[PDB]
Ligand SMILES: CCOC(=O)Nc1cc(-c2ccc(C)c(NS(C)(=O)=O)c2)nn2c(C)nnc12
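First, one chain by itself: the form deposited without this ligand, in structure tokens.
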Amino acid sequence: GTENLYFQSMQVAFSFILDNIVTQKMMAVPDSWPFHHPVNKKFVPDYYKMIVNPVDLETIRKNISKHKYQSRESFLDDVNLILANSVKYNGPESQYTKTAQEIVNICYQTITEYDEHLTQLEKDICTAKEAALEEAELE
């Protein structure tokens, strides 16, 4: 119905913004390529025993296309796991960890530039979510 589609359209807009930050900022970090794809479990089985919640940039983009993130908090938590998982697996002083730190810093700098509109859109999503839920439960 009307409220659901509009809800979806707002999620599409939010996703569009988040995906821009991933592709244009985070993926563009020099030497970021170890963080672009998920760790091959058959290559490094120890990784998946040590790291309970693996995350990489491809997986975050997939999550964005599945509309996992309705707010910057859940997005930023997955982005932070890139750093946290590296600190744990590779070490706090690893060059890989320094790259992940860079990926996190550029994400935050970019979210900050988009703050007022991401707040606006998050509010529009929360509102449309409520309106869609009312329409759905009132059929």
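Throughout, we count residues from 1 along the sequence that is shown. What we label the rigid core is the largest C-alpha set whose atoms superpose within 1.5 Å from one form to the other.
Task: Residue range whose averaged C-alpha B-factor is higher in the record, 64-72 or 34-42 - done: According to the PDB entry, the answer is 64-72.
Open item on the list: Tell me which stretch, 73-81 or 96-104, has the higher mean Cα B-factor listed in the entry.
Closed with: Of 73-81 and 96-104, the stretch with the higher C-alpha B-factor average is 73-81.
Task: Residue with maximal Cα B-factor (values as given in the PDB entry) among 12, 118, 131, 22 - done: Spelled out: the listed residue with the top C-alpha B-factor is 118.
TODO: Can you work out whether the C-alpha temperature factor of residue 55 puts it in the lowest, middle or highest third of the chain?
DONE: According to the entry, residue 55 has a C-alpha B-factor in the chain's middle third.
Task: Ranked against its chain, the third holding the CA B-factor of residue 139 - done: Its C-alpha B-factor belongs to the highest third of this chain's values.
TODO: Sorting the chain's modelled residues by C-alpha B-factor, tell me whether residue 2 ends up in the lowest, middle or highest third.
DONE: For residue 2, whose C-alpha B-factor we compare with every modelled residue in the chain, the answer is the highest third.
Here the subject shifts to the form deposited with this ligand bound, a form of this protein not shown in this document.
- [ ] Tell me, out of 88, 37, 62, 98, which residue has a non-hydrogen atom within 4.5 angstroms of this ligand in the entry with it bound.
- [x] So the residue touching this ligand in the entry with it bound, by this definition, is 37.
Task: Of 28, 50, 44, 76, the one that lies within 4.5 Å of this ligand in the entry with it bound (heavy atoms) - done: Selected residue: 44.
Task: Core-aligned CA displacement of residue 19 at least 2 Å between the shown form and the other one - done: The answer is no, as the C-alpha of residue 19 shifts between the shown form and the other one by less than 2 Å after core alignment.
Open item on the list: Does residue 41 shift between the shown form and the other one by 2 angstroms or more at the C-alpha, the core having been superposed?
Closed with: Yes; that C-alpha moves by at least 2 Å between the shown form and the other one.
Task: Distance direction in the entry with it bound for the C-alpha atoms of residue 95 and residue 43, relative to the displayed form (3 angstroms or more) - done: Nearer in the entry with it bound, by 3 Å or more.
TODO: Looking in the entry with it bound, decide if the C-alpha atoms of residue 30 and residue 43 are closer or farther than in the form shown; they differ by 3 Å or more.
DONE: Compared with the form shown here, the C-alpha atoms of residue 30 and residue 43 sit closer together in the entry with it bound, by 3 Å or more.
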